[PDB]
């Protein structure tokens, strides 16, 4: 069993992490939880075994803790990650990994010297919708892939005034997850075309974007908007032999918000299906309905266990992290719309 520690006890901790970790008692043990103010959500029995503390000193000096999870405000992610590594602990950092690309390299350099692992929390690589699109692409039924389109939208027309930097916009906010999915499938692109804008409140950072990643002749589109009344399909994949369409997004989050935990009845209840229409070897057009693949954000921790306990490679490659961060930053080199060619 690996002893882990969480830095921060906010909603992200209690909703997107603990439910999955506390469900793996035979593999993980939440030894510490750092934070300041409390929450009437601490008096709960489920956290009875945890040592909540307001001194990050006791956490990092614990020889038993092998993993620190940073779930605090974005501004503190870099420093907490660095301090944890200098203490000799592996680190999982929620988005953002670091404010800048240079800092990401810095963090990776320190970890490599100590021979430790530092990585972002890319839990959406395990979304049911995404996994279904992945299975469809790896089935080979679609032939050579020529286009992929991923949507992550809302219909939230009212935006309270809240100025910020690019890092506070939707491109960094949601694009980091959606683009990471694309990169995890096709790697690093040759070119990137950007369309970034602020539609709801002109005082705020972008709330609408579309990034087009070009891999040779394959174009991968990632887009989000807070002004979509009628939803687009969650994923669309076109290949020379056929198409795959998936409406509906992973339901883990919906369940968690409705106070339904992993393993519990009706968790991630999903009645959608992926549609697959292609031409088989015999030249006959076939149409199939795929039952959604199962999603499990917990797989992040099962992979971390592998890395820490057996030296297994990190579920998220360093290059995929840097590529993603680099694409995000270059989207601001010149006013939108713009196009760039990735050097490295």
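Numbering follows the first chain given and starts at 1.
field: Between the two ranges 323-331 and 18-26, the one averaging a larger CA B factor in the entry
entry: Taking the mean C-alpha B-factor of 18-26 and of 323-331, the larger value falls to 18-26.
- request: With reference to the PDB entry, specify whether the mean Cα temperature factor is higher for 35-43 or for 306-314.
  value: The stretch with the larger mean CA B-factor is 35-43.
task: Pick out which of 78, 152, 194, 215 has the highest C-alpha B-factor in the PDB entry.
output: Of the candidates given, the C-alpha B-factor peaks at 78.
task: Return the residue from 174, 199, 185, 268 that has the highest Cα B-factor in the entry.
output: The record points to 268.
query: Is the Cα B-factor recorded for residue 100 in the lowest, middle or highest third of its chain?
result: It belongs to the middle third of the chain when residues are ordered by C-alpha B-factor.
query: Mind checking which third residue 72 falls in for C-alpha B-factor across the chain?
result: Tercile = highest for this residue's CA B-factor.
- prompt: Lowest, middle or highest third: where is residue 64 by C-alpha B factor in its chain?
  reply: For residue 64, whose C-alpha B-factor we compare with every modelled residue in the chain, the answer is the highest third.
task: Report the third (lowest, middle or highest) to which the CA temperature factor of residue 274 belongs, ranking only the modelled residues of the same chain.
output: Middle third by C-alpha B-factor.
field: Within-chain third of residue 161 by Cα B-factor, per the entry
entry: Middle third by C-alpha B-factor.
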